[PDB]
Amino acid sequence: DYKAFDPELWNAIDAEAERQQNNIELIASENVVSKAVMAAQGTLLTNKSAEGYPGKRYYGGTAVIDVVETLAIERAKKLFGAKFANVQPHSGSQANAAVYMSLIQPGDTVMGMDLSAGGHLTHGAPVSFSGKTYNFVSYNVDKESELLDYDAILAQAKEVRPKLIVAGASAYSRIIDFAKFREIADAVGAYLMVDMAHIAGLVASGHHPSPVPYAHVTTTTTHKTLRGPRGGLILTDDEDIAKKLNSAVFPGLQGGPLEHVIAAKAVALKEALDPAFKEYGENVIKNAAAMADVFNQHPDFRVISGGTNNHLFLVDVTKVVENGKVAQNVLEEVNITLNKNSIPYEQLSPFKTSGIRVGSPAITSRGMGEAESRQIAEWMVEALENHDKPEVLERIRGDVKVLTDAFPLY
């Protein structure tokens, strides 16, 4: 009935709920959060300014806010096995900024994964505060295997002499060896920071090795595979680092935290501590593998590194369509959303790319299994193969509606 006061706004919110229902979401970073997560960030906790930390706030009337934030901190520590957690970062990007501010100074040398191989903007892009403030040098995957080569990264680190190595990626499909990253860091006297945003849910589910025992500091989004609200999180085992991180988040970088979003983080972290989260992770892994297998067996398509051991994979589409932007646009026509993506050693424009990135988390959260995941990948191959046949795309779009009706979003 507040809806009656603002139809243009509430019409658009209702349309987005229906678009999410009627579309197959394969964007590897996306998920479907619980009713409980959305309800928690729709609470009157937005009415309370909580500058500072539990028991050490700028203002009064914060005793109950302190219970909520302490639940989020304790559940993070328990879930990831860390001695310290900071649940205030507004975003993964703000989490990363606080860690740089805590460990290094402006102009220090940092190594981060190449943006074409899956490094984030905040891992040294020149258009990011990261690239503008610090001296980032990128490491890549091997050109032939498309795998991290820890011997090559070591040789580069001994030349570059970084103060900090950043590990973690948004387009890398294989198991990262975090013990090797920390061995590299230790060999050159560098800090190791792991941004586990993409894989945090699989770390929580037991399906990906934890960086937490190896990274001086671990950052993540609470969204993506962890299936939480949009925000950031920082972990460490080192009490002196924890004090600097806390001061860097507030008052270094942010002011008041979003305590309604932190309530939602507490909700999501308790959902990830449930035994049912292990089964989620297992279905995320099986579902992503079942899609990759369709592309591996098709002669016209190549999966980057030959497959996946996580939630995502990339496909070189350039034997079937001109570039990944074309592939993204064709699949959108049949109500399948994914993103064009640069492949390692990408030769085409970053606006076009050679690739698509596919993820399983959102379709897994809707209850889909291996048979549905395989059928979705068969529709992708068929749509790209027949991109100039409207009657084909029309039929695939109608088949997609039967599957979305069968696996309702909420």
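Numbers for residues come from their place in the sequence shown, where the first is 1.
Participant: Averaging only over Cα atoms, indicate whether 299-307 or 84-92 has the higher B-factor in the PDB entry.
Facilitator: The entry gives the higher C-alpha B-factor average to 299-307.
Participant: Mean C-alpha B factor from the entry: is it higher for 110-118 or for 219-227?
Facilitator: Between 110-118 and 219-227, it is 110-118.
Participant: In terms of recorded Cα temperature factor, pick the maximum from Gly324, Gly252, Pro211, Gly232.
Facilitator: When the deposited C-alpha B-factors of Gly324, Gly252, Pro211, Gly232 are compared, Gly324 is largest.
Participant: By the record's CA B-factor, is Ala63 among the lowest, middle or highest third of residues in the chain?
Facilitator: It belongs to the highest third of the chain when residues are ordered by C-alpha B-factor.
Participant: C-alpha B factor of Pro350, ranked within the chain: lowest, middle or highest third?
Facilitator: Highest third, going by the recorded CA B-factors of the chain.
Participant: Ranking the modelled residues of this chain by C-alpha B-factor as given in the entry, is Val392 in the lowest, middle or highest third?
Facilitator: As the PDB entry reports it, the C-alpha B-factor of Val392 lands in the highest third of its chain.
Participant: Where does the C-alpha B-factor of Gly281 rank in its chain, lowest, middle or highest third?
Facilitator: It falls in the bottom third of the chain.
Participant: How does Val160 rank on Cα B-factor within its chain, lowest, middle or highest third?
Facilitator: CA B-factor rank for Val160: highest third.
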